[PDB]
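Novice: For what it's worth, my numbering labels the leading residue of the sequence shown as 10, then goes sequentially.
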Amino acid sequence: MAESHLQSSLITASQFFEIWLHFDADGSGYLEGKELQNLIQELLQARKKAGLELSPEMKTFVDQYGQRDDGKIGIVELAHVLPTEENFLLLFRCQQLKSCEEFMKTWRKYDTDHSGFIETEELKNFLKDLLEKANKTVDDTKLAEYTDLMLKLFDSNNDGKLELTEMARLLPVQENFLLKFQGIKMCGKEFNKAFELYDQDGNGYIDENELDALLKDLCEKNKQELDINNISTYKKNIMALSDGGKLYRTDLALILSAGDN
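#1: Taking only three categories from DSSP, how would you classify residue 89?
#2: Could you check whether the segment 152 to 166 touches the segment 248 to 255, counting it as contact only if at least three pairs of C-beta atoms, one from each stretch, sit closer than 8 Å?
#3: Rounding to the nearest angstrom, what Cα-Cα distance links residue 134 and residue 183 in this structure?
#4: So, do the segment 208 to 220 and the segment 230 to 238 have three or more beta carbon pairs nearer to each other than 8 Å?
#5: Do residue 67 and the ligand NAP come close, with the Cβ less than 8 Å from some heavy atom?
#6: Comparing C-alpha positions only, which one of 170, 102, 240 sits nearest to residue 263?
#7: When burial is assigned at 16 or more other CB atoms within 10 Å of the CB, is residue 113 buried or exposed?
#8: Work out the CA separation of residue 31 and residue 180 for me, nearest whole Å.
#9: List the residues that DSSP assigns as beta-bridge partners of residue 252.
#10: Would you check if the segment 59 to 77 and the segment 115 to 123 touch, i.e. whether three or more CB-CB distances between them fall below 8 Å?
#11: Determine the DSSP secondary structure at residue 215, reduced to helix, strand or coil.
#12: Are the segment 45 to 55 and the segment 141 to 153 in contact at 8 Å, needing three or more beta carbon pairs?
#13: Just how far apart, CA to CA, sit residue 108 and residue 81?
#14: Tell me which same chain residues have a C-beta within less than 8 Å of the C-beta of residue 267, skipping the five on either side of it?
#15: For the segment 102 to 132, list the beta strand (DSSP E) runs that are entirely contained and at least 3 residues long, ordered along the chain.
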């Protein structure tokens with residue numbers, strides 16, 4: 010399989026994911042630790058095997074990441090090491106067109122009434138908006154291949170819908186909260202409980218201040234991931250799923266749930 014897809018095609022990011030899953034051991038949804046050197050070694054193998062040199066990004070991926078033992082990557086760093094789909098990647102570059110959080114403000118923009126996760130026809134419309142912004146057109150082999158892998162690799166209940174952490178695995182893991190938040194996971198159950206606790210006004214809604222309270226709670230719960238030097242930063246973050254400074258709990262149900270709702 011690796012032998013094949015690595016040295017073949019214009020790997021879309023579903024098949025990319027297959028190759029990735031071929032060494033995404035932990036299933037972190039991020040190429041974790043030593044499995045990167047495991048990747049990297051199969052990559053450089055596929056390379057020297059099929060007689061393809063390990064191109065300076067892939068070769069540097071071994072030279073700079075072949076020792077990223079305590080490392081972790083999203084689809085982002087590998088998507089241009091394994092040359093996935095460079096033009097399709099432009100929308101993937103929209104997850105990194107500024108930040109890992111402000112694009113999330115974009116992601117809920119299309120959805121219906123902001124359900125917190127885009128549905129099928131709605132994510133099948135998500136790309137259309139993106140198509141109007143990539144300054145290209147994002148061709149059929151970009152739009153569908155890409156819309157589909159988002160909608161699949163992180164379909165949270167196999168409903169044909171889209172929640173964050175695929176687009177957020179395709180998000181730049183820099184100032185994101187999206188990987189810390191996969192391990193931070195309360196549980197969708199205490200998630201529901203805590204949200205009711207964050208709803209201390211009894212409004213049935215939460216605004217970005219109680220969001221920092223969401224995090225004062227969380228940090229003091231999972232300080233190995235959520236740290237007080239960025240806690241009002243995580244407030245900055247989740248704030249971007251919610252609507253108008255005022256968080257409806259529909260869109261802040263995937264950050265801290267677990268990767269579900």
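No residue lacks a Cβ here, since even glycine has one placed at the ideal position from N, Cα and C.
Specialist: Reading from the atomic positions:
#1: In this structure, residue 89 counts as strand in the three-state DSSP scheme.
#2: Touching, no.
#3: Taking the straight line joining both Cα atoms gives about 27 Å.
#4: Taking a cut-off of 8 Å on C-beta distances, the segment 208 to 220 does not touch the segment 230 to 238, as fewer than three cross pairs fall below it.
#5: Absence of the ligand NAP is noted for the structure shown, with no ligands found whatsoever.
#6: Closest by alpha carbon: 170.
#7: Only buried fits residue 113, as 16 or more other CB atoms lie within 10 angstroms of its CB.
#8: Rounded to the nearest angstrom, the two C-alpha atoms are 21 Å apart.
#9: 255, per the DSSP bridge assignment.
#10: In short, these stretches do not touch, since the Cβ pair count stays below three.
#11: In this structure, residue 215 counts as strand in the three-state DSSP scheme.
#12: Not touching, per the Cβ criterion.
#13: Going by the C-alpha atoms only, they are around 19 Å apart.
#14: Residues 191, 194, 195, 196, 197, 200 of the same chain have their beta carbon placed closer than 8 Å to that of residue 267, with the five preceding and five following residues left out of the count.
#15: Counting only runs of 3 or more, we get nothing.
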